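In: So I've got this experimental structure, pasted below with the sequence.
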Amino acid sequence: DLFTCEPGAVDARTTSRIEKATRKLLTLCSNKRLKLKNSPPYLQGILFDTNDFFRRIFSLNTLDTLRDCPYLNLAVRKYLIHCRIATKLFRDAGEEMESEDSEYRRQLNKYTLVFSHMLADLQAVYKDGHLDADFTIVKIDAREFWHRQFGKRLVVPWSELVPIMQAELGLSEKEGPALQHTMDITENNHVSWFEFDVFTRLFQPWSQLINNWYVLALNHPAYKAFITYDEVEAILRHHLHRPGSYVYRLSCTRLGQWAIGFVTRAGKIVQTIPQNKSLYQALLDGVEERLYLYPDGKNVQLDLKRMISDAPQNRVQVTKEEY
Ligand SMILES: [Ca+2]
């Protein structure tokens with residue numbers, strides 16, 4: 001496969017290769033013809049920042065120190081490959097790339113989301129440009145799990161993680177691909193400690209981790225995945241006459257945290273990032289405080305506890321073709 005942790009990608013020419021791939025792509029997405037907006041995820045800024053952050057790592061560490069790092073070799077390979085794919089996407093239908101609604105541009109907006117994740121992942125694993133050898137996964141149960149299964153390893157292949165999550169967390173095989181879509185956000189067939197940290201912060205509490213994921217990310221009408229602040233507002237404007245309408249979303253600038261948009265009792269649209277509170281609990285309290293009543297403006301009342309109680313049986317009835 002293409003994405004591997006073995007040494008060979010980190011050497012004295014790595015930053016040259018990273019810079020050549022980066023400007024090759026910065027020249028492409030520099031058409032003022034392209035209506036590319038600054039709104040995050042901002043592809044040009046990410047590309048600039050990522051090239052800059054690799055240069056920082058190679059200026060702060062000798063090759064002897066970087067050469068054999070499983071994470072850094074993976075991240076270099078993924079970046080160079082992702083630049084290659086994105087560059088080829090620009091080539092194919094150069095004019096159509098101007099078509100804001102084209103399949104080409106929707107693939108591009110998807111590719112810049114991945115770029116954004118890759119940078120946030122690199123900046124966590126190599127915090128301040130040095131290997132954070134004593135990384136701290138935030139949620140205590142996820143931290144103990146990673147330590148007990150993997151010790152101080154930075155990153156593990158998806159295929160090694162899957163049997164452990166089956167045995168310890170009750171994942172079934174058929175759910176694997178859907179799970180990888182949510183957890184392997186850098187899309188490199190591995191899960192770094194930071195991706196695992198992001199996922200376990202999102203779908204806490206640990207004791208219901210997979211069921212929370214199945215309900216909150218696969219079966220809740222309010223979930224809008226990675227959309228922008230403006231997109232949330234555009235949704236909710238349809239529902240100003242319906243106080244308690246709400247959606248929630250993931251934020252590419254705040255991995256591992258949710259944002260919730262709702263219509264207040266006065267008709268205002270409000271977007272918050274719940275402080276120090278899980279999405280599960282934020283939804284429970286918002287129903288109890290009568291803030292979050294109509295998921296996506298729809299006239300259905302969700303008993304979230306009941307949905308999580310019911311999720312083991314419901315997960316059984318979903319077949320392999322439905323995923
Ligand atoms: Ca990954």
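Out: Here it is on my side, so go on. Residues are numbered from 1 along each chain as shown.

In: tell me the domain ranges of the protein?
Out: 14-129, 140-216, 221-301 (automatic domain parsing).

In: quick one: is the shortest one near the ion?
Out: Yes. Using CB under 5 Å from the ion, domain 140-216 reaches the ion at 184, 186, 188, 190. No exception for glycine: its C-beta is placed from N, CA and C like everyone else's.

In: Go through those and flag which are in strands.
Out: Residues of the residues of domain 140-216 next to the ion located in strands (DSSP state E): residue 190.

In: thinking again about what came up before, which one of the domains of the chain has the most crowded surroundings?
Out: domain 140-216 (a mean of 18; mean count of other CB atoms under 10 Å).

In: Start and end of stretch 28-36, how far apart?
Out: End-to-end distance of stretch 28-36 (CA to CA, to the nearest Å): 11 Å.

In: Where do the helices of this protein begin and end?
Out: With helices called from DSSP state H, the chain shows them at 14-28, 43-60, 63-66, 70-91, 94-97, 103-125, 140-150, 158-169, 176-183, 193-202, 209-218, 229-236, 279-288, 304-317.

In: Could you dump those helices into JSON lines and include distance to residue 36?
Out: JSON lines is the format used below for these (distance: least, CB to CB, whole Å):
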{"stretch": "helix 14-28", "distance to residue 36": "10"}
{"stretch": "helix 43-60", "distance to residue 36": "7"}
{"stretch": "helix 63-66", "distance to residue 36": "33"}
{"stretch": "helix 70-91", "distance to residue 36": "12"}
{"stretch": "helix 94-97", "distance to residue 36": "10"}
{"stretch": "helix 103-125", "distance to residue 36": "9"}
{"stretch": "helix 140-150", "distance to residue 36": "36"}
{"stretch": "helix 158-169", "distance to residue 36": "32"}
{"stretch": "helix 176-183", "distance to residue 36": "25"}
{"stretch": "helix 193-202", "distance to residue 36": "26"}
{"stretch": "helix 209-218", "distance to residue 36": "28"}
{"stretch": "helix 229-236", "distance to residue 36": "15"}
{"stretch": "helix 279-288", "distance to residue 36": "31"}
{"stretch": "helix 304-317", "distance to residue 36": "38"}
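
In: Relative to residue 264, which of these is closest?
Out: helix 229-236 (10.5 Å; CB to CB).

In: just checking, what packs against the closest one?
Out: Applying 3 or more CB pairs under 8 Å, 6 or more residues apart in numbering; DSSP states H and E, one finds that helix 229-236 makes contact with strand 223-226, strand 245-250, strand 258-263, strand 269-272.

In: Compute the inter-axis angle for that helix and strand 258-263.
Out: Orientation note: helix 229-236 sits at an angle of 40 degrees relative to strand 258-263 (axes from the mean of the first three to the mean of the last three CA atoms, to 10 degrees).

In: just how off-centre is helix 229-236 within its chain?
Out: From the chain centre to the centre of helix 229-236 is a distance of 20 Å (CA atoms, centre = their mean, to the nearest Å).

In: same thing with stretch 195-210?
Out: On CA atoms, centre = their mean, the centre of stretch 195-210 falls 13 Å from the chain's centre.

In: Now the terminal residues of that stretch, how far apart.
Out: End to end - CA to CA - stretch 195-210 spans 15 Å.

In: Quick check: residue 58 vs the ion, distance?
Out: Distance, residue 58 to the ion, by CB to the ion, to the nearest Å: 22 Å.

In: Tell me the spatial nearest neighbour of that residue, not counting adjacent residues.
Out: With CB to CB, 6 or more residues apart in numbering as the criterion, residue 58 has its nearest non-adjacent residue at 5.2 Å, and that residue is residue 15.

In: now swap in residue 170 and tell me
Out: residue 210 (5.8 Å).

In: Make sure that neighbour is actually in contact with residue 166.
Out: No. Between residue 210 and residue 166 there is no contact under CB atoms under 8 Å: 9.9 Å.

In: give me every residue that touches the residue positioned nearest the centre of the chain.
Out: The chain has residue 185 as the residue nearest its centroid, 4.3 Å off, counting by CA atoms, centre = their mean. By CB atoms under 8 Å, 6 or more residues apart in numbering, the residues touching residue 185 are 114, 117, 121, 195, 198, 255.

In: Now do the same contact list for the first one.
Out: So that's residue 114. Counting by CB under 8 Å, 6+ apart, residue 114 has contacts 82, 185-187.
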